[PDB]
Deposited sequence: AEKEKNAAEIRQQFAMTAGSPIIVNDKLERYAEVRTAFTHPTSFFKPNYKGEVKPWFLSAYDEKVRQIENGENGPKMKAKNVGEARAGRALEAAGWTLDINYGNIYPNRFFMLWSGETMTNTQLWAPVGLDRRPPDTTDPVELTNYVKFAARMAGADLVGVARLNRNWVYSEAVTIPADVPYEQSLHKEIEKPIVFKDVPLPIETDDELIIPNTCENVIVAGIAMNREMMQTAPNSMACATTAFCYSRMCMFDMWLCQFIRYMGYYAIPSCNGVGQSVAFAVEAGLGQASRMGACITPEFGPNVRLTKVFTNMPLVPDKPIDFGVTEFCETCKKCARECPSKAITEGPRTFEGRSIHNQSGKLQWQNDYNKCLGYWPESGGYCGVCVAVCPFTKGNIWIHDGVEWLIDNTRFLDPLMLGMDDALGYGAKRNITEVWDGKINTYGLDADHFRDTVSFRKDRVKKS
């Protein structure tokens, strides 16, 4: 008979010995965040469908408006009617409610404050003194259990811990000056170094973002997207599950930072800022890096968002996992064949970046992310076709052969989504048991 799926058993089967899995050489240096395709001047501007060059997201807005007017849910994808096209973009737009400028990247601004002191919740609770009282627990084992429990309350579907590898922290952040209001933020972005110094608490000066040398650990969360909606990529409902999960990421960061602070430690939130989430996720054991560039997890494949919190709280690092992703990506190449911009390489991994958007000096599949971003104005969304077609995004990829777990090699419209299955936060009760957690799962 079919063995009842056991996600915890799967993770124990593929656990590695300690050690960062990312292979590097001497040319590796920390990466300036301005180099990402979203921010770099070489890629930030894209033509709209009339050929006008604009910031990428404004050209993409022009295409969303055109599609609604034409009763479309995506590029050359007719909707049931104009009302349905409108509803998908209303859902997408609303999903972003708790996110600043598509990613919350500015450190120590808006939702991403590096201290809790000014938050309305901290002020309300100040008479209890939780953020001022020294820690009552310093045992990393108990702290790992407490913080992971808090993380699940805070909306993480996956959580892991790693020692902080500074190679993946941006050398300089993209941010705005402290006196600039929101309405001018996109006009006034600047660079600001992220440095490590012998200081007691995370602190920002006029010149630097200063992370203390005691900032030992990073906690990485996986926030699961909805499979039915992502499978509509590159159309509007894939944009909506993306958007809602960015607001879930924000809530997670603030909730968890506040818990850590109220435990007597400091905590730095980040969402899409501060450093490279995929690298942290691999080092924390959530999954393995893939050909498309994303972290593939056993539970969700790549159909999961990442965020992370940095802290001096003593914790037990998790072990990395190797469930064969590298070898499957070597022979699969489905994302590369289906990518509408041919951004994903069909070749082998190298240490040499394809362009300024890649960090050289680490062995990885080198993709052209300017080509990726170029398809977003064309399609009026955030694509996601690579995630949608990845075999690991399918549910029930795992089978048991009587001895051990293995991957099933055989695996290698929008009206119906609106009328079909949904549940709280887009989670799927057919698979939600996979992320149940007991103390045995949280700390060893």
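If you line the structure up with the deposited chain, the stretches without a C-alpha atom are 413-430, 463-464.
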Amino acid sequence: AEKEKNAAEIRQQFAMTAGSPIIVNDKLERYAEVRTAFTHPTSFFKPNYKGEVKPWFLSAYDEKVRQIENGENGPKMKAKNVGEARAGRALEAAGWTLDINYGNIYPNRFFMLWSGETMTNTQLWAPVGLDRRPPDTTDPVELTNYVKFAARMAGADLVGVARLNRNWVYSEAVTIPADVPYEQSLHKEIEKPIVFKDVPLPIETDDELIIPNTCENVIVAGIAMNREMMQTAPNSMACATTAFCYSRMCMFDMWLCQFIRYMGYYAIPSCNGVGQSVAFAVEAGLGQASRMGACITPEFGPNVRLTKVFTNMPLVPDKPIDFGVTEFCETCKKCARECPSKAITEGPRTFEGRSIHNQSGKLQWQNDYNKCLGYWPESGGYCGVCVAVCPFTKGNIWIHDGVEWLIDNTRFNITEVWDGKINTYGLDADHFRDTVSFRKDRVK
From here on, numbers count along this sequence of modelled residues.
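Averaged over CA atoms, B-factors in the entry run higher in 179-187 than in the other of 89-97 and 179-187. Higher mean CA temperature factor between 359-367 and 285-293: 359-367, per the PDB entry. You'll see in the entry that, of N217, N226, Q123, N81, the Cα B factor peaks at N81. When the modelled residues of the chain are ordered by their C-alpha B factor, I422 lands in the lowest third. Sorting the modelled residues of the chain by their CA temperature factor places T435 in the lowest third. Sort the modelled residues of the chain by CA B factor and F196 lands in the highest third. Ranked within its chain, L28 lands in the highest third, by CA B factor from the PDB record.
When the CA B factors of the chain's modelled residues are split into thirds, the value for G384 lands in the lowest one.
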